[PDB]
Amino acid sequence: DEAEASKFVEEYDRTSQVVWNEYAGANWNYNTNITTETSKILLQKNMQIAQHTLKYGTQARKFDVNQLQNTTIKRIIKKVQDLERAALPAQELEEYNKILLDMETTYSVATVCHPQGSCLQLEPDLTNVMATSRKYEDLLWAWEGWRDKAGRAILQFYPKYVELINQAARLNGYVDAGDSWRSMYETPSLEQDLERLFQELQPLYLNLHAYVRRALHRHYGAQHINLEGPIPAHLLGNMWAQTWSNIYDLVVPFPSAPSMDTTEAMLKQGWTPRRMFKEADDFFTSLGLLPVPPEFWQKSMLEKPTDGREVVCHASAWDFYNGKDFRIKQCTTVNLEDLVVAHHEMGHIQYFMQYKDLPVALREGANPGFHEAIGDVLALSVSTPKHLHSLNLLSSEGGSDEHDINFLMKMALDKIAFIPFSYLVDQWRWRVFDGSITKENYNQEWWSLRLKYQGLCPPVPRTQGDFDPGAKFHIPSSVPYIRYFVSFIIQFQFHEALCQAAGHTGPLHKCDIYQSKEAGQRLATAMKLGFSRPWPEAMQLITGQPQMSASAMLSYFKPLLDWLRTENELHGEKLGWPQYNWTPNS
């Protein structure tokens, strides 16, 4: 009966709101106050949500979706039929939860020590070294040490993790965990579509790579940089070489056109974490989008506590599944990078608020990439030299062609450099999950892809027992990553569309959509759909067409592509890494 299915969905919604809200609370209380007691309560709520998922998922599977007429009810019931880890038998579920906790803990407590010296945590100690050191051996100590202490220590857990997460996927009707993850996009052509996008960005990435490689050759010396080979992976300013903007000082196109030190400016002018989030809130409401509720300001953790609590510091945004309580947890630091992260996280909060009236089963983004993109779209406008000057964080940089190319290079060092990294992570994981990479070659296959996609090599030859993927957070925390590749493509599509809605003309990279109500209306209509419709509908609401496309990103960076090609040609660069077998001699 249509009526029995409707009743079921209503009962699922009521009970899920209660159970998910209790789990969100317990998880928040652990994350903002790590103790034995909060771990204990969290463990109990984890089991309560499993029992709820098992109960309602079992019921949902008794419905023949084929016989359901109402498409919304059909959609919800089909989704509740996927129990995820709660499909595992009791022993395997306990084992899986424990392996996940052990991997996450191992990663979070790993430190790198000098003998009879200080021990450095990843954040901020080791990331600061990677960002600021310009000494090959000091960078190497941090890069190798982090892999030695975090990566190698995850390896013992990962094969059993793969076995259990695949078993859960098969018990929910998928062939492996990678299949299950890809299904979140509801797009049978996903793999080919993503490959096509990656290929469209190759001219830009290869030209950026070759230009940066030449700059590294200048600084680190001819004996350590092969101008026809891959770049050593510890020289890009970031522990994973996923974004390169911390080496802007080594690659600036026009050193004669200097830029203000934005961190020093923010500190001198008394910026605080709360001010950073108020600025993000203001951008959202300038578009006519929703302000965060008063409760957000009361309950959020917007900087590291000084009351003796120990906390999880990573930036994060939290839906408590009651339509009222939304929070950010971030150990915010006062700099421009974290101002952008604040906008990223506030985009997650905005999406939570926009879809709060849907059934909790449809309270997700159109696809996971959409959820990641919203905040970054606003941050693109924030990052314009125009807007940064209005915050008193830059001197006037408009007009000047040199400042213009310098700005596009700054943007490309993050946005373009990240495209191959964000593609790589789940290309590797999909092949682990489908069994075509075994524990015998986890690491070799990781580096084959680091080479193939990013054009990087490890500065020190890897050895047996190395497990460098484990040194990247999302691997031991089992967080899918292709969402970030999707996000970095489509956020430029959204920027282009909103800039057009706002009446912007001229180069896309000069657009600042601040206070555009037309831009806000486009985003709001799409966000309010949550996960109720196939994501091409939200794509069309924003952009006027239904596809993912790299064209907007290419248009944004067109002046840099032209500059890079001219620069690389006059130095005779050989794009790519035909000497792909090269690795450092010392």
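The numbering used is simple: start at 1 and walk along the sequence shown.
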Looking only at C-alpha temperature factors in the entry, 216-224 or 482-490, the higher average sits in 216-224
Of 429-437 vs 394-402, the stretch with the larger average CA B-factor in the entry is 394-402
From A412, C457, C113, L378, the top C-alpha temperature factor is at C113
Among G229, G308, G151, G173, the highest C-alpha B-factor in the PDB entry belongs to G308
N322: CA temperature factor from the record, placed by chain third, in the highest
Tertile call for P359 (CA temperature factor, within chain, third-based) is the highest
Among the modelled residues of its chain, the C-alpha B-factor of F277 falls in the third labelled middle
Split the chain's modelled residues into thirds by Cα B-factor; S118 lands in the highest
Of the three thirds of Cα B-factor ranks in this chain, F352 occupies the middle
